[PDB]
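Reproduced below: data.tsv, with TSV, C-alpha atoms (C1' of nucleotides).
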chain	number	residue	atom	x	y	z
A	2	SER	CA	0.00	0.00	0.00
A	3	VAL	CA	2.84	2.45	0.93
A	4	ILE	CA	4.36	1.41	-2.43
A	5	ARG	CA	1.18	2.19	-4.36
A	6	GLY	CA	0.92	5.62	-2.70
A	7	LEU	CA	4.55	6.46	-3.48
A	8	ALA	CA	4.30	5.19	-7.07
A	9	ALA	CA	1.25	7.43	-7.63
A	10	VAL	CA	2.99	10.52	-6.20
A	11	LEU	CA	6.24	9.92	-8.06
A	12	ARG	CA	4.50	8.76	-11.28
A	13	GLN	CA	6.53	5.51	-11.28
A	14	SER	CA	5.59	1.81	-11.38
A	15	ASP	CA	5.05	-0.16	-8.17
A	16	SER	CA	7.75	-2.53	-9.46
A	17	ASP	CA	10.41	0.15	-9.95
A	18	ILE	CA	9.74	1.65	-6.47
A	19	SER	CA	9.95	-1.81	-4.87
A	20	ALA	CA	13.12	-2.69	-6.76
A	21	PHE	CA	14.79	0.62	-5.76
A	22	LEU	CA	13.95	0.13	-2.08
A	23	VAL	CA	15.74	-3.24	-1.85
A	24	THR	CA	19.16	-1.56	-1.28
A	25	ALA	CA	17.86	1.93	-0.37
A	26	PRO	CA	19.53	1.85	3.12
A	27	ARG	CA	22.92	1.76	1.38
A	28	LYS	CA	22.21	4.58	-1.09
A	29	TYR	CA	23.89	7.35	0.92
A	30	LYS	CA	26.88	9.54	0.15
A	31	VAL	CA	29.13	10.12	3.18
A	32	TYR	CA	31.19	13.35	3.44
A	33	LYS	CA	32.76	15.67	6.02
A	34	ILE	CA	31.86	19.26	6.93
A	35	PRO	CA	34.35	21.46	8.87
A	36	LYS	CA	33.45	22.47	12.41
A	37	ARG	CA	33.86	26.17	13.28
A	38	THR	CA	36.87	25.61	15.59
A	39	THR	CA	38.87	22.43	14.69
A	40	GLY	CA	37.72	19.07	13.30
A	41	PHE	CA	34.89	17.75	11.13
A	42	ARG	CA	31.32	16.47	11.26
A	43	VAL	CA	30.48	13.31	9.27
A	44	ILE	CA	27.29	13.62	7.16
A	45	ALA	CA	25.38	10.89	5.22
A	46	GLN	CA	23.12	12.24	2.43
A	47	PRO	CA	20.67	9.88	0.56
A	48	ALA	CA	20.99	9.54	-3.20
A	49	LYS	CA	18.62	11.69	-5.30
A	50	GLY	CA	16.18	8.86	-6.09
A	51	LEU	CA	15.89	8.04	-2.40
A	52	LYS	CA	15.46	11.69	-1.40
A	53	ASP	CA	12.46	11.91	-3.73
A	54	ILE	CA	10.92	8.83	-2.15
A	55	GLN	CA	11.59	10.14	1.36
A	56	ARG	CA	9.96	13.49	0.57
A	57	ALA	CA	6.97	11.70	-0.97
A	58	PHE	CA	6.62	9.55	2.15
A	59	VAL	CA	6.63	12.58	4.45
A	60	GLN	CA	4.04	14.27	2.23
A	61	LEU	CA	1.76	11.20	2.23
A	62	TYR	CA	1.92	10.46	5.96
A	63	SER	CA	1.36	13.15	8.57
A	64	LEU	CA	2.94	12.22	11.93
A	65	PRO	CA	2.03	14.19	15.11
A	66	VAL	CA	4.46	16.85	16.41
A	67	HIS	CA	4.17	18.70	19.74
A	68	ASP	CA	3.89	22.52	19.85
A	69	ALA	CA	7.00	22.75	22.08
A	70	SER	CA	8.99	21.32	19.12
A	71	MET	CA	10.51	24.35	17.44
A	72	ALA	CA	12.91	22.75	14.94
A	73	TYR	CA	11.94	21.85	11.34
A	74	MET	CA	8.48	23.36	11.76
A	75	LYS	CA	6.79	25.40	9.07
A	76	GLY	CA	6.59	29.09	10.01
A	77	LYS	CA	8.67	28.67	13.20
A	78	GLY	CA	12.30	28.79	14.18
A	79	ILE	CA	15.15	29.94	16.38
A	80	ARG	CA	13.57	33.38	16.99
A	81	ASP	CA	10.35	31.82	18.29
A	82	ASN	CA	12.36	29.39	20.37
A	83	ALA	CA	14.41	32.15	22.01
A	84	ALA	CA	11.37	34.43	22.45
A	85	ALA	CA	9.58	31.72	24.46
A	86	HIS	CA	12.24	32.11	27.21
A	87	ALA	CA	13.01	35.85	26.96
A	88	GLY	CA	10.69	36.94	29.80
A	89	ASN	CA	12.08	34.43	32.38
A	90	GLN	CA	15.10	35.18	34.55
A	91	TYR	CA	16.35	31.62	35.23
A	92	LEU	CA	17.41	29.30	32.42
A	93	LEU	CA	18.34	25.60	32.03
A	94	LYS	CA	19.70	23.90	28.93
A	95	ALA	CA	19.99	20.15	28.35
A	96	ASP	CA	21.10	18.07	25.35
A	97	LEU	CA	20.47	14.53	24.06
A	98	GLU	CA	23.43	12.33	23.06
A	99	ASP	CA	23.82	11.14	19.44
A	100	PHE	CA	20.19	12.12	18.97
A	101	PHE	CA	19.61	11.16	15.29
A	102	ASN	CA	21.84	8.08	15.30
A	103	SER	CA	20.13	6.85	18.48
A	104	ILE	CA	16.76	6.53	16.68
A	105	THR	CA	16.36	2.97	15.33
A	106	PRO	CA	13.47	1.16	13.53
A	107	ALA	CA	12.64	-0.43	16.90
A	108	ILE	CA	12.20	2.98	18.56
A	109	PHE	CA	10.17	4.25	15.61
A	110	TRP	CA	7.71	1.34	15.65
A	111	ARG	CA	7.43	1.48	19.44
A	112	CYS	CA	6.49	5.16	19.16
A	113	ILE	CA	3.89	4.37	16.48
A	114	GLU	CA	2.39	1.70	18.76
A	115	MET	CA	2.47	3.91	21.86
A	116	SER	CA	1.27	7.13	20.19
A	117	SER	CA	-1.46	9.03	22.11
A	118	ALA	CA	-2.29	11.21	19.05
A	119	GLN	CA	-3.63	9.55	15.85
A	120	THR	CA	-0.86	7.86	13.80
A	121	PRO	CA	-1.12	6.36	10.27
A	122	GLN	CA	-1.60	2.62	10.44
A	123	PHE	CA	0.70	0.55	8.31
A	124	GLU	CA	0.20	-2.96	7.03
A	125	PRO	CA	2.89	-5.39	8.36
A	126	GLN	CA	4.02	-5.96	4.76
A	127	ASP	CA	4.75	-2.23	4.43
A	128	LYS	CA	6.87	-2.07	7.60
A	129	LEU	CA	9.97	-3.47	5.86
A	130	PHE	CA	9.68	-0.92	3.03
A	131	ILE	CA	9.23	1.93	5.51
A	132	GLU	CA	12.42	0.89	7.32
A	133	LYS	CA	14.26	0.91	4.00
A	134	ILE	CA	12.91	4.36	3.16
A	135	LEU	CA	13.73	6.04	6.46
A	136	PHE	CA	16.83	4.36	7.95
A	137	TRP	CA	20.50	4.32	6.85
A	138	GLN	CA	22.82	1.29	7.06
A	139	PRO	CA	26.25	2.72	8.04
A	140	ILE	CA	28.04	-0.67	8.07
A	141	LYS	CA	27.87	-2.64	4.78
A	142	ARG	CA	28.58	-5.96	6.56
A	143	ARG	CA	26.00	-5.42	9.32
A	144	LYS	CA	22.53	-5.46	7.74
A	145	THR	CA	20.94	-5.29	11.19
A	146	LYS	CA	22.15	-1.79	12.26
A	147	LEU	CA	19.71	0.81	10.86
A	148	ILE	CA	19.71	4.39	12.17
A	149	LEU	CA	18.40	7.82	11.30
A	150	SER	CA	20.85	10.12	9.48
B	1	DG	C1'	32.54	1.04	13.38
B	2	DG	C1'	37.40	0.56	14.30
B	3	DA	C1'	42.90	0.41	10.15
B	4	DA	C1'	47.71	0.23	12.17
B	5	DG	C1'	50.62	1.13	15.79
B	6	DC	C1'	50.97	1.99	20.45
B	7	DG	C1'	50.88	1.83	25.52
B	8	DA	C1'	47.86	1.34	30.03
B	9	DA	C1'	46.30	-2.01	33.22
B	10	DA	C1'	46.48	-6.14	35.27
B	11	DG	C1'	47.91	-10.95	35.97
B	12	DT	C1'	51.72	-14.69	35.78
B	13	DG	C1'	56.36	-16.68	35.73
B	14	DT	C1'	61.33	-16.33	36.32
B	15	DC	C1'	65.26	-15.88	38.72
B	16	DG	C1'	68.95	-14.12	41.79
B	17	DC	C1'	69.58	-13.40	46.47
B	18	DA	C1'	70.07	-14.35	51.38
B	19	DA	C1'	69.58	-17.35	55.04
B	20	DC	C1'	70.25	-21.62	56.53
B	21	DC	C1'	71.85	-26.67	56.79
B	22	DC	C1'	75.16	-30.18	56.32
B	23	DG	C1'	79.47	-32.92	55.93
B	24	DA	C1'	84.54	-32.40	55.21
B	25	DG	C1'	88.91	-31.11	56.80
B	26	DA	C1'	93.09	-29.18	59.39
B	27	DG	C1'	94.52	-30.19	63.66
B	28	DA	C1'	94.02	-27.25	69.80
B	29	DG	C1'	95.67	-29.39	73.84
B	30	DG	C1'	99.91	-32.96	74.66
B	31	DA	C1'	99.22	-39.28	73.21
B	32	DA	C1'	94.41	-39.68	72.72
B	33	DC	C1'	92.52	-38.32	69.43
B	34	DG	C1'	89.74	-34.75	67.34
B	35	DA	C1'	88.43	-28.80	69.93
B	36	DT	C1'	86.99	-25.27	66.96
B	37	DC	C1'	86.39	-22.80	62.77
B	38	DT	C1'	85.87	-22.41	57.80
B	39	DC	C1'	85.16	-24.46	52.86
B	40	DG	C1'	81.89	-25.74	49.49
B	41	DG	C1'	77.74	-27.63	47.90
B	42	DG	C1'	72.84	-27.83	48.33
B	43	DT	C1'	67.75	-26.43	49.56
B	44	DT	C1'	64.18	-23.05	50.43
B	45	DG	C1'	61.49	-18.87	50.53
B	46	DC	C1'	60.97	-14.48	48.99
B	47	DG	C1'	59.97	-10.57	46.23
B	48	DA	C1'	61.23	-7.43	42.36
B	49	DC	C1'	60.50	-7.28	37.97
B	50	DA	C1'	60.27	-9.21	33.02
B	51	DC	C1'	56.90	-11.18	30.26
B	52	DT	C1'	51.99	-11.80	28.64
B	53	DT	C1'	47.41	-10.58	27.54
B	54	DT	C1'	43.61	-7.63	26.75
B	55	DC	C1'	41.54	-3.18	25.76
B	56	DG	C1'	40.82	0.85	23.35
B	57	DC	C1'	42.14	5.46	20.97
B	58	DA	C1'	39.80	6.71	15.83
B	59	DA	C1'	42.44	6.43	10.06
B	60	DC	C1'	38.83	5.77	6.36
B	61	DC	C1'	33.92	7.80	4.62
B	62	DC	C1'	31.92	3.09	1.33
B	63	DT	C1'	29.06	3.63	-6.30
B	64	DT	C1'	25.31	6.51	-4.27
B	65	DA	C1'	26.16	15.02	-2.09
B	66	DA	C1'	25.19	20.28	-3.93
B	67	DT	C1'	27.03	24.56	-4.92
B	68	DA	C1'	22.81	32.79	-4.33
B	69	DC	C1'	24.05	34.86	0.75
B	70	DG	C1'	23.11	34.20	6.03
B	71	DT	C1'	21.23	31.59	10.91
B	72	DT	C1'	20.00	26.94	13.87
B	73	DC	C1'	20.02	21.35	14.65
Could I get this file's structure written as structure tokens?
Amino acid sequence: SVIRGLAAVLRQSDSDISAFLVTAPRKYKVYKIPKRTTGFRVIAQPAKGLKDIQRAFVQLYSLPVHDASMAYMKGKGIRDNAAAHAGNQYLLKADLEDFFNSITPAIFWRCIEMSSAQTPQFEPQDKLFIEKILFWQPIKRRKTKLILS
DNA sequence: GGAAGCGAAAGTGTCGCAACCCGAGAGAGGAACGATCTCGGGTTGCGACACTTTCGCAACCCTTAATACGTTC
């Protein structure tokens, strides 16, 4: 079903989408970006074909997002984030470790199952394709380690 | 995650030393042998340290990226 939706959006055949997705988790280019002081960050960008599929997926399936989430939100950003705290005198900042690379298929599906707001329901057959759309395989030899990039 | 080379941390084995034991031997006193002291070889326990093993730092960026200027993750 996910395949049919994507094929319709991308004006491609179900077969060519399915075929592409087989090794989609390996279709990433890895490069380095300089940090502002010393050193580098390592970035993995999906190939163009995969990016198109990923964008289509996000368009087709609306997932809930809390109002306190300020990043990657349409019509919001760093100004709104800062403004929320500008009237208060005391401040605390905390950070999550390896945030993106900590999110695995297991976490994702758990969140879908747990979700208090309404989530899209996926057929079990589609779950494998969704994992291939959304998660990167950093280690060629280890097919079992899939993480967000 | 983890190349290749490297050294920290921790456990095990080796080995040289010191203390001790033992029998051999030259021979003090004056005839009756063998008092006392030292040589030389061996055994044992100890502990400092050499050897051995394991872990873990982080190269590389996978065929697969885009390029108007900034900011944030």
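Excluding residue 33 of chain A and any residue on its chain fewer than 5 positions from it, the residues at most 9 Å away by all atoms listed in the file are residues 41, 42, 43, 44 and 45 of chain A; 61 of chain B.
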Within 9 Å of residue 26 of chain A using all atoms listed in the file, minus same-chain residues under 3 positions, as a list in words: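 Near residue 26 of chain A, the qualifying residues are residues 22, 23, 29, 47, 132, 133, 134, 135, 136, 137, 138, 139 and 147 of chain A.
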Residues of chain B that have any atom at most 7 Å from an atom of chain A: could you tabulate them with the shortest-distance atom pair and the distance in Å to one decimal, using all atoms listed in the file, ordered by chain and increasing number, as JSON lines?
{"residue": "B:61", "atom": "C1'", "partner": "A:31", "partner_atom": "CA", "distance": 5.5}
{"residue": "B:64", "atom": "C1'", "partner": "A:28", "partner_atom": "CA", "distance": 4.8}
{"residue": "B:65", "atom": "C1'", "partner": "A:30", "partner_atom": "CA", "distance": 6.0}
{"residue": "B:72", "atom": "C1'", "partner": "A:79", "partner_atom": "CA", "distance": 6.2}
Surrounding residues of residue 81 of chain A excluding itself and chain neighbours under 2 positions, 12 Å, all atoms listed in the file, as an MDAnalysis selection string: (chainID A and resid 68:72 74:79 83:87) or (chainID B and resid 72)
Identify, on the basis of all atoms listed in the file, every residue whose closest approach to segment 41-43 of chain B does not exceed 9 Å; exclude the query and any residue fewer than 5 positions from it along the same chain; express the result as a count of residues only. 3
If I take atom CA of residue 9 of chain A and atom CA of residue 53 of chain A, how far is one from the other in Å, to one decimal? 12.7 Å
Nearest residue to residue 118 of chain A from the set A:39, A:63, A:13, A:82 (distances using all atoms listed in the file):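 Comparing A:39, A:63, A:13, A:82 against residue 118 of chain A, the winner is A:63.
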Give me, please, the distance in Å between atom CA of residue 122 of chain A and atom CA of residue 4 of chain A, quoted to one decimal. 14.2 Å
Where's the centre, and what are the edge lengths in Å to one decimal, of a box along x, y and z enclosing all listed atoms of segment 95-100 of chain A padded 8 Å per side, as JSON?
{"center_x": 21.9, "center_y": 15.6, "center_z": 23.7, "size_x": 19.8, "size_y": 25.0, "size_z": 25.4}
Which value, in Å to one decimal, gives the distance between atom CA of residue 107 of chain A and atom CA of residue 52 of chain A?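 According to the coordinates, atom CA of residue 107 of chain A and atom CA of residue 52 of chain A are separated by 22.1 Å.
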Across A:5, A:16, A:40, A:102, the smallest distance to residue 57 of chain A, with all atoms listed in the file counted, is shown by A:5
Give me the residues near segment 110-116 of chain A as an mmCIF file with C-alpha atoms, in the frame of the given file, where near means some atom within 12 Å (using all atoms listed in the file) and where sequence neighbours in that chain fewer than 6 positions away do not count.
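Saved to selection_7.cif:
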data_model
loop_
_atom_site.group_PDB
_atom_site.id
_atom_site.type_symbol
_atom_site.label_atom_id
_atom_site.label_comp_id
_atom_site.auth_asym_id
_atom_site.auth_seq_id
_atom_site.Cartn_x
_atom_site.Cartn_y
_atom_site.Cartn_z
ATOM 1 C CA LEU A 64 2.940 12.220 11.930
ATOM 2 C CA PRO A 65 2.030 14.190 15.110
ATOM 3 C CA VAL A 66 4.460 16.850 16.410
ATOM 4 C CA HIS A 67 4.170 18.700 19.740
ATOM 5 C CA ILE A 104 16.760 6.530 16.680
ATOM 6 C CA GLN A 122 -1.600 2.620 10.440
ATOM 7 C CA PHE A 123 0.700 0.550 8.310
ATOM 8 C CA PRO A 125 2.890 -5.390 8.360
ATOM 9 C CA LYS A 128 6.870 -2.070 7.600
ATOM 10 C CA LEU A 129 9.970 -3.470 5.860
ATOM 11 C CA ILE A 131 9.230 1.930 5.510
ATOM 12 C CA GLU A 132 12.420 0.890 7.320
ATOM 13 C CA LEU A 135 13.730 6.040 6.460
#
Kindly indicate which residue among A:100, A:21, A:109, A:130 lies nearest to residue 73 of chain B, using all atoms listed in the file for the distances.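 Closest to residue 73 of chain B, using all atoms listed in the file: A:100.
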